[PDB]
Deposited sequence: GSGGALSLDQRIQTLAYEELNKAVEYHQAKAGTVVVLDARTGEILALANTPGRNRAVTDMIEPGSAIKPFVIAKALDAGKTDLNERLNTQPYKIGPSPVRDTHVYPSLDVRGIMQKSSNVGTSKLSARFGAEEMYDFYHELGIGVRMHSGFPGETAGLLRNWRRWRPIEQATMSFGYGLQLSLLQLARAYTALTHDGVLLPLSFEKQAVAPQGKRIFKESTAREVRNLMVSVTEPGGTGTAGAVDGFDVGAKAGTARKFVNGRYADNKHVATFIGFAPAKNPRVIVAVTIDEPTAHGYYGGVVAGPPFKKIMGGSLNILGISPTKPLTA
């Protein structure tokens, strides 16, 4: 039986369509997954091809949590280390954040979505090691959905990586994956370190996945991601009243992305939104894709009957 939840699919289409029209965008896509089983609860596209599976995107900041999780999982950093986060170059190419942060701890690197912090964490691993990690998340691996135009994504051979390229990949540029591949990757965080396959069929139990991170790492990383949606974080537009939300906003003509899960401690749902070429009222992920994320997330939690874990303000 088909995994789509008609009430969540209707909600996803409603909110996706409102955002595309408001931002006078070319197109958009939403994926909603069950965060414990990998079942696809909603898959909505604006008219035309199934962009969720056909359109390769550079993930931008949405890849950062995985790099941080890897460095924690292998013991290459911990929650006490403060890193020098000044911008730098490798040859002629700069690596820089939106702002100049002198130093940040790992929780700060997540909260402020630091390109510098994340690239320095990635640099503690060899290129081959990082390449295998990206591969293991599913990047460059076809999903075989059967939809016309489906992309495998792009993961260049590690033998060709320059140091600048390893750095930029760690903050989400120079590799490419579909929104469906990216939403899949987030199951490694939500399902306590275990990547799930995804399914269009209803799953009576969670299927067999594969371990990417230790459970303790996945839990700690989910907790770090909560600071992104709280004041001081880069993803406050995706806050949902009454819940802790872990999310990232991303930008890559532009593509605006926002992806997240809730409740943060024990996730029920992943919601991922891309808006293609917004031309009005903003073009960054948080401004553009944050609001429909927020509405699809809060709406799905209500549909699925998940009680608020903290007090309602509004």
item: Stretches with no C-alpha atoms in the model, relative to the deposited sequence starting at 1; value: 1-4, 257-267
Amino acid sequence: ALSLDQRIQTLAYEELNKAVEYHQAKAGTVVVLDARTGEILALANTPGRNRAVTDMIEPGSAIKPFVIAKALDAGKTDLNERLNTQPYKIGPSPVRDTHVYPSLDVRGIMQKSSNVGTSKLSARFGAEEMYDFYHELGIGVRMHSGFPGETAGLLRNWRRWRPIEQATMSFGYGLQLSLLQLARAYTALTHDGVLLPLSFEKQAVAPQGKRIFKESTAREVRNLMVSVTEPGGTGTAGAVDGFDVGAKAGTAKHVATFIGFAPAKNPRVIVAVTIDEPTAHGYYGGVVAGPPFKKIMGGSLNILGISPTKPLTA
From here on, numbers count along this sequence of modelled residues.
{"query": "Higher-B stretch (mean Cα B-factor, as the entry records it), 239-247 or 144-152", "finding": "144-152"}
{"query": "Mean C-alpha B-factor comparison - 191-199 and 73-81, higher one", "finding": "73-81"}
{"query": "Member of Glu230, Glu215, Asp132, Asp97 with the greatest C-alpha B factor (per the PDB record)", "finding": "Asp97"}
{"query": "Criterion, highest CA B-factor; candidates, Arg184, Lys120, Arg222, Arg159", "finding": "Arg159"}
{"query": "Chain-relative CA temperature factor third for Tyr101", "finding": "highest"}
{"query": "Where the record places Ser170 (Cα B-factor, split into thirds across the chain)", "finding": "lowest"}
{"query": "Chain-wide C-alpha B factor ranking for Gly290, given as lowest, middle or highest third", "finding": "lowest"}
{"query": "CA B-factor placement of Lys89, once the chain's modelled residues are sorted into thirds", "finding": "highest"}
{"query": "Chain-wide C-alpha B factor ranking for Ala127, given as lowest, middle or highest third", "finding": "middle"}
